[PDB]
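Asker:
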Amino acid sequence: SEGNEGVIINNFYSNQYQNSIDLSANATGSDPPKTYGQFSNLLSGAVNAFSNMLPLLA
Amino acid sequence: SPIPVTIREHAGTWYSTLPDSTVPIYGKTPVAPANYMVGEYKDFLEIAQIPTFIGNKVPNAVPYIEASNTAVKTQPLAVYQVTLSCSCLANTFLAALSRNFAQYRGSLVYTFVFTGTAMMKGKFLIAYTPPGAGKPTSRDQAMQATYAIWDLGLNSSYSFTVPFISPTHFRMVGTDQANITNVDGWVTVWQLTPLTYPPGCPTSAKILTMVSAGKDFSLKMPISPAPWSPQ
Amino acid sequence: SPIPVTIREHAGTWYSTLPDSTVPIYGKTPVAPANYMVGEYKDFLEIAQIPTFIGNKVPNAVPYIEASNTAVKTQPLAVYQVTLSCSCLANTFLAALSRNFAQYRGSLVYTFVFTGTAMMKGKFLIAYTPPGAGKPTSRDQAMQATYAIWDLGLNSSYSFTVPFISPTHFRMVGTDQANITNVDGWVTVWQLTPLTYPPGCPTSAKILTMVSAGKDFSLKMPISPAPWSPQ
Amino acid sequence: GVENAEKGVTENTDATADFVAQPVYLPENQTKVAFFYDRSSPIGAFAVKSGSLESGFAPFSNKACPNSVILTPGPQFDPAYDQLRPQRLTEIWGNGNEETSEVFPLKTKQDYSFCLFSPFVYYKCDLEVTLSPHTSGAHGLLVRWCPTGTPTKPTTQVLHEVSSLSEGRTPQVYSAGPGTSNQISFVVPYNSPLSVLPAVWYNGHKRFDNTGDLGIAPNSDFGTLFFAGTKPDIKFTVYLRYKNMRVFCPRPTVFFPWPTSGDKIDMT
Amino acid sequence: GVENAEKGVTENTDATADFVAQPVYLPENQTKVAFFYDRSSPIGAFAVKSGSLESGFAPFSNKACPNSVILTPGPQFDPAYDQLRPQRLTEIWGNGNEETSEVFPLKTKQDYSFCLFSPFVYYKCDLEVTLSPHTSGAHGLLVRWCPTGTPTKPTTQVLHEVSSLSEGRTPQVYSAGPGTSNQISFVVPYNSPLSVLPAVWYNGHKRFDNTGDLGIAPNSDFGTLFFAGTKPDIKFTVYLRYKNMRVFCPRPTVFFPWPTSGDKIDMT
Amino acid sequence: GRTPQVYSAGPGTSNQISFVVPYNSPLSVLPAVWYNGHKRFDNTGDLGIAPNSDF
Numbered sequence: 013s014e015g016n017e018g019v020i021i022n023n024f025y026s027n028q029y030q031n032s033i034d035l036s037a038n039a040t041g042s043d044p045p046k047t048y049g050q051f052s053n054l055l056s057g058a059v060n061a062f063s064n065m066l067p068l069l070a
Numbered sequence: 001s002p003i004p005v006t007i008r009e010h011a012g013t014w015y016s017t018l019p020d021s022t023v024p025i026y027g028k029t030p031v032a033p034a035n036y037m038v039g040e041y042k043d044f045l046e047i048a049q050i051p052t053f054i055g056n057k058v059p060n061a062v063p064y065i066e067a068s069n070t071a072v073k074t075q076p077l078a079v080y081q082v083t084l085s086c087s088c089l090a091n092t093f094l095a096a097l098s099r100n101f102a103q104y105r106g107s108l109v110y111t112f113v114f115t116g117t118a119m120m121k122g123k124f125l126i127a128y129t130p131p132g133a134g135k136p137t138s139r140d141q142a143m144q145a146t147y148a149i150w151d152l153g154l155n156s157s158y159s160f161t162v163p164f165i166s167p168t169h170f171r172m173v174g175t176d177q178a179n180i181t182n183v184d185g186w187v188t189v190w191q192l193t194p195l196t197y198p199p200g201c202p203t204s205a206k207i208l209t210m211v212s213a214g215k216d217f218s219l220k221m222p223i224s225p226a227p228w229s230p231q
Numbered sequence: 001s002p003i004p005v006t007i008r009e010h011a012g013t014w015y016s017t018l019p020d021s022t023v024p025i026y027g028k029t030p031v032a033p034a035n036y037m038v039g040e041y042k043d044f045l046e047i048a049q050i051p052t053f054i055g056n057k058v059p060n061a062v063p064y065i066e067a068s069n070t071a072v073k074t075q076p077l078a079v080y081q082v083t084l085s086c087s088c089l090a091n092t093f094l095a096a097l098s099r100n101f102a103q104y105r106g107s108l109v110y111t112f113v114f115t116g117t118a119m120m121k122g123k124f125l126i127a128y129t130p131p132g133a134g135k136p137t138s139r140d141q142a143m144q145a146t147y148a149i150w151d152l153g154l155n156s157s158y159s160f161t162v163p164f165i166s167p168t169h170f171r172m173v174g175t176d177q178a179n180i181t182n183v184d185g186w187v188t189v190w191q192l193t194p195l196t197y198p199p200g201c202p203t204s205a206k207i208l209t210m211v212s213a214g215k216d217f218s219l220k221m222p223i224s225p226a227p228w229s230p231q
Numbered sequence: 001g002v003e004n005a006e007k008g009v010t011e012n013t014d015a016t017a018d019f020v021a022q023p024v025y026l027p028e029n030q031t032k033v034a035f036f037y038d039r040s041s042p043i044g045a046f047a048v049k050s051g052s053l054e055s056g057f058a059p060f061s062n063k064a065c066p067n068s069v070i071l072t073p074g075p076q077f078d079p080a081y082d083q084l085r086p087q088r089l090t091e092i093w094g095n096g097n098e099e100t101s102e103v104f105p106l107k108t109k110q111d112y113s114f115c116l117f118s119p120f121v122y123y124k125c126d127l128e129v130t131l132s133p134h135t136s137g138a139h140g141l142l143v144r145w146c147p148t149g150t151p152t153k154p155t156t157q158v159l160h161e162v163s164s165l166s167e168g169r170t171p172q173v174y175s176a177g178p179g180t181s182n183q184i185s186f187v188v189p190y191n192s193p194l195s196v197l198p199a200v201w202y203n204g205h206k207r208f209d210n211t212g213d214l215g216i217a218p219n220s221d222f223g224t225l226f227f228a229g230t231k232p233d234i235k236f237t238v239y240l241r242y243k244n245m246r247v248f249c250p251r252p253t254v255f256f257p258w259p260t261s262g263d264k265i266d267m268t
Numbered sequence: 001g002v003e004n005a006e007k008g009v010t011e012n013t014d015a016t017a018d019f020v021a022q023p024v025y026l027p028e029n030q031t032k033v034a035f036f037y038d039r040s041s042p043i044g045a046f047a048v049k050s051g052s053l054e055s056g057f058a059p060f061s062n063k064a065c066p067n068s069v070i071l072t073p074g075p076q077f078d079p080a081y082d083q084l085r086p087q088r089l090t091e092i093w094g095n096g097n098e099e100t101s102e103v104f105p106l107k108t109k110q111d112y113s114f115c116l117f118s119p120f121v122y123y124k125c126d127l128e129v130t131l132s133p134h135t136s137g138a139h140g141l142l143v144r145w146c147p148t149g150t151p152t153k154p155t156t157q158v159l160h161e162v163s164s165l166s167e168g169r170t171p172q173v174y175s176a177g178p179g180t181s182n183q184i185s186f187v188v189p190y191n192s193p194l195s196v197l198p199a200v201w202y203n204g205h206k207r208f209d210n211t212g213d214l215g216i217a218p219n220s221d222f223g224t225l226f227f228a229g230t231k232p233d234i235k236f237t238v239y240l241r242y243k244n245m246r247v248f249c250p251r252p253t254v255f256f257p258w259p260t261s262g263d264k265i266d267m268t
Numbered sequence: 168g169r170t171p172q173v174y175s176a177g178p179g180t181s182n183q184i185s186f187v188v189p190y191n192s193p194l195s196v197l198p199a200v201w202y203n204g205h206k207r208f209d210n211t212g213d214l215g216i217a218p219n220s221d222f
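Residue numbers (the deposited numbering), protein chains in the order written: chain 4, 13 to 70; chain 3, 1 to 231; chain 3', 1 to 231; chain 1, 1 to 268; chain 1', 1 to 268; chain 1'', 168 to 222. A prime marks a further copy of an entry chain.
#1: Just mark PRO86 (chain 1) as buried or exposed, buried being the case when its beta carbon has 16 or more other beta carbons within 10 Å.
#2: Residues in its own chain within less than 6 Å of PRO198 (chain 1') by CB, not counting five upstream and five downstream?
#3: Contact check, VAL238 (chain 1') vs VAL129 (chain 1') under 8 Å by CB: the rounded distance?
#4: Taking the CB atoms as reference points, tell me whether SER87 (chain 3) and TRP258 (chain 1) lie closer together than 8 Å.
#5: Does DSSP classify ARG88 (chain 1') as helix, strand or coil?
#6: Using a threshold of 8 Å, state whether the C-beta atoms of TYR37 (chain 1') and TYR242 (chain 1') are closer than that.
#7: For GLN75 (chain 3'), which beta-bridge partners are listed by DSSP?
#8: Using a Cβ cut-off of 8 Å, which residues of the region 21-35 of chain 3 contact any Cβ in chain C, in chain order?
#9: Pull the bridge partners of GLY39 (chain 3') from the DSSP assignment, please.
#10: Counting contacts by CB-CB distance shorter than 8 Å, is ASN16 (chain 4) in contact with chain 1'?
#11: Is the region 44-64 of chain 4 touching the region 214-222 of chain 3 in the sense that three or more CB pairs, one from each, lie closer than 8 Å?
#12: What distance in whole Å lies between the Cβ atoms of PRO33 (chain 3') and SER195 (chain 1'), which are believed to be in contact at a cut-off of 8 Å?
#13: Are the C-beta of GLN50 (chain 4) and some C-beta of chain 3 separated by less than 8 Å?
#14: Please classify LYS57 (chain 3): is it buried, with 16 or more other beta-carbons within 10 angstroms of its beta-carbon, or exposed?
#15: Taking 8 Å as the threshold, find out whether the region 7-15 of chain 1' comes into contact with the region 68-80 of chain 1' through three or more Cβ pairs.
#16: State buried or exposed for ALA226 (chain 3), treating a residue as buried only when at least 16 other CB atoms are found within 10 Å of its CB.
#17: Name the chain 4 residues whose beta carbon is nearer than 9 Å to that of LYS42 (chain 3)?
#18: Straight-line CA distance for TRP186 (chain 3) to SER204 (chain 3)?
#19: Starting from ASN219 (chain 1'), find everything on chain 3' with Cβ-Cβ shorter than 8 Å and list it in chain order.
#20: If you draw a straight line from the C-alpha of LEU192 (chain 3') to the C-alpha of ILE43 (chain 1'), how long is it?
#21: With 16 as the cutoff for other CB atoms within 10 Å, does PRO230 (chain 3') come out buried or exposed?
#22: Residues of the region 201-228 of chain 3' in Cβ contact with chain 3 at a cutoff of 8 Å, in chain order, please.
#23: Quick one: complete beta strand (DSSP E) runs, 3+ long, within the region 129-166 of chain 1'?
#24: Work out the CA separation of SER164 (chain 1') and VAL158 (chain 1') for me, nearest whole Å.
#25: By the DSSP assignment, the beta strand (DSSP E) with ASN244 (chain 1) in it spans what residues?
#26: How would you write the range of the beta strand (DSSP E) that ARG139 (chain 3) sits in, first residue to last?
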């Protein structure tokens, strides 16, 4: 059930603050999101296709 | 635009049991998943129903009573006062649970497990006597109140329920002082017929005694018993 | 019409981490546009993934280990305890980040960059040993746990991930005292085959060692480490 | 009703099974576990050391009224090192330690009520803490709360003239003014790395070395509290309140002494 | 996984790449930058001069507990001119200045925690300030806040018998009564003319003359605070809280000393 | 214990304490003046007050 609290008013602090956050873990693991934000260093020119090419060795 | 307030006289008090919450200082904290967990209960009533052992022969307590090969109508095998304070119940979960509340209501269940030989035979008279005229002094007087006859045979135990008979809707859990000739009556156990046996068999047997709450049983108003030390 | 209030016992306290704001004294202040700005991040996890250098041979730390022309199964090239407290990790961003939190979870990534000659050849056995039976003492014992064989060739580095193997969902970041024979196990690096080379080439090479968080890695509950002075 | 208790389970009845009766049920909600522990109870008296408000913290106790406290309902202290940081114990220490001594009042710090009645093996909850100064005059109190398993040696003063408790980004609370109500209240989250906490005993060691000492599971508390303040002569009581309590696996409670007296008890 | 770190970028994995495993992700939000700095930490202890409430202000310090403070997490003070208006510094001064001296507690004023951990080159934020008197008795405090780059010499008393701090239309805050909680709180906006602020170092001079002194970029703070009050004997702590923090360009943090001891650390 | 305790003590309180308690007698209704009965069934005669008839 619930405890000993019987106030009519909506809790002034939201729940994620008033209480701990119950989480549940699934047995088989979970995939991290793909990206944690948009910060990134980028590697360009990695590959090919296009230059002063095919004078270039085989 | 600042809002006007009237400060109540009780400004600044702290109430140990306030129906409200306080200031959170470390929000957004996720917990460690505990979802694999089992065995949880949510109401004490959920487990108050499990029988635990009554202590006989206090303070040299044993979890049983002994039936003999003689039926003296004048001699009870046991006499329990129906009080959640009986020194008899002092260590049952019922009593340990109950001591944290002010009042109770409902059925009490006394369970007897016969532990003698399969070859033994016998009959017991278990009675509940409401208060008013004192405790019964012979099986003949007990037999005048609520009672059951327990016959020994294939089935090992007997569950006796003492009916809640009371003027008030609830009864106080604990005693202030000691409760006289009062309390709420008595559970007395008597032999109707003696334990009988064949040659080659012991002439007395132990009967395990336990107590539990009935489906009826209720408790209300949480408090704290007088503090004690187990030693 | 003034509203009646009940003052709580905690009246007047200041909470360093209160989930709330205070009084603004200089409103309607427009800022200097900073919209040309680049390089912003929003979560530490965003950069905890970038490998930084592990210190070898403390306190005469060097960012690398040395492979030789001999494979002694009895001699690890390195042994790291898997603790975000290892003096080994003390100056990695992972460790510097982690020291501001109470617990972590997830994958740790040990990256090795071979820096020897192109003419050299060799194979390493990198193993992760969970706790319980102590640290392995020979490549033969390490080989009994989680491990990978790293072959030298065109591709310069090797990224070894130590799997999060733990009874609890999370692990404590820092050590209180020192953690024994405990901690969470060990990463040991061994030679499988010796570094081989042709005539005219050095007979040992440096292997750069770095550490980072895996995509799995998480940290929780911000605190402050014990204060220190870099000098 | 005839029954067979050997099965390990016994059918529950009311007076209705064997006699001519009626069930007598009436609803109540005070027996729910959450409701029962959702009230404050004290764990002991504490003290602040002189001029702690402006210097390095150091373990110390006034009359076995220390300086810091571990947030846990279980026993802790050990009056023999009243001047050392407190620790969790596996037994409660009486008031005296020799025959002629007394059990109450206890010397260690614990939630005696919780100890006396916790019929469960494991539990999970949030902790509401109340600090109550034993004075109705001004009182200044600085508190530092450290999550379980984090640094608990708030010993180095880093800022000239500032308590070492008052350092960092670790939660610190401070009440001190002529118009306060002197008391402090707040609720802390659940920070053990453990999924659920041992309520009475934990049958295992601290290291895999099995340097044998069973009883307590590591990091199974709610953290440590450090105090600094201005009335080094006033003691304050610390109270715990279990917010949204959950318990698992019923188990036995503390033994109650046989009345080598009557056929009933009472009070005290 | 085979890789090539020379590219300057390394593919991230989980145990899943090389072995038979599963990812073990679980969400949390305490690692966001804004959340991390959105908590108060102290920068030092300050003092008020006698009878400043009714006279001309003048720089002064009590025990290297000055009179005014620059709102910045970086070092400032310079204990050698404890009687001069404080200034931002490019180094932190130990407690003593000779061998036999001590590093803690530091003499300069700074957010040591911010200093110890700020892995970014630039940042922007609003500043929440808390003034906490080290006393639980009445305390009167007058504060003058001047935006960065504005007049900071609140030296001329213009009104007979009124503090010179208490002059003009510049924000002034004052708490002083028998029923206050003694502490003061408020948040100031971001007033640097700069778009974003250097968090650690700024590689440039103050004038185009290149009268060479690199380190700090001009007007890169949140302003100056001046204090006047009634308890010239009570010191107060000043705390900073970064409201809606934004950081740009990761960079290295402060060096941590090699344990010329174990293979792990601890606390303190 | 866990028995309700209330405490007010600080330099900024109004000194007074206020609270309301529920009705806890096991009795259905309370005698307002007199209760014509004894305390035990022993009739150890002393009439007047009914047991547990307070708050």
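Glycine included, each C-beta is placed from N, C-alpha and C at the ideal position.
Answerer: Taking the coordinates as given:
#1: So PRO86 (chain 1) ends up on the buried side.
#2: Sequence-distant partners of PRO198 (chain 1') (beyond 5 residues in either direction) whose C-beta falls short of 6 Å from its own C-beta, in its chain, are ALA217 and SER220.
#3: About 7 Å separates the beta carbon of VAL238 (chain 1') from that of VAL129 (chain 1'), a gap short enough to meet the 8 Å contact definition.
#4: Yes, they are a contact pair.
#5: Reduced to three states, the DSSP call for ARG88 (chain 1') is strand.
#6: Contact flag set, yes.
#7: Residue pairing for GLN75 (chain 3'): DSSP places it in no beta bridge.
#8: In the structure shown, chain C cannot be found, because the protein chains are 4, 3, 3', 1, 1' and 1''.
#9: Bridge pairing for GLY39 (chain 3'): absent [DSSP].
#10: No Cβ of chain 1' is located within less than 8 Å of the beta carbon of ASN16 (chain 4).
#11: Output reads no: the region 44-64 of chain 4 does not touch the region 214-222 of chain 3.
#12: In this structure, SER195 (chain 1') and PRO33 (chain 3') form a Cβ contact; the two beta carbons are roughly 7 Å apart against a cut-off of 8 Å.
#13: Chain 3 contact via Cβ: absent.
#14: Exposed.
#15: Counting Cβ pairs under 8 Å, fewer than three are found: no touch.
#16: By the neighbour-count definition (other C-beta atoms within 10 Å, threshold 16), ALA226 (chain 3) is an exposed residue.
#17: The contacting residues are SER13.
#18: The straight-line gap from Cα to Cα measures roughly 25 Å.
#19: Result: empty, since nearest Cβ-Cβ is about 11 Å, beyond 8 Å.
#20: In a straight line, the C-alpha of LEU192 (chain 3') is about 54 Å away from that of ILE43 (chain 1').
#21: Taking a 10 Å sphere around the C-beta of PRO230 (chain 3'), we find fewer than 16 other C-beta atoms and assign the residue as exposed.
#22: For the region 201-228 of chain 3', which is checked against every Cβ of chain 3, the residues closer than 8 Å are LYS220 and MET221.
#23: Within the region 129-166 of chain 1', the complete beta strand (DSSP E) runs of at least 3 residues are 141-146.
#24: So the two alpha carbons sit approximately 7 Å from each other.
#25: First-last of the beta strand (DSSP E) with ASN244 (chain 1): 236-250.
#26: Note, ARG139 (chain 3): premise wrong, no beta strand (DSSP E); alpha helix (DSSP H) at 139-142.
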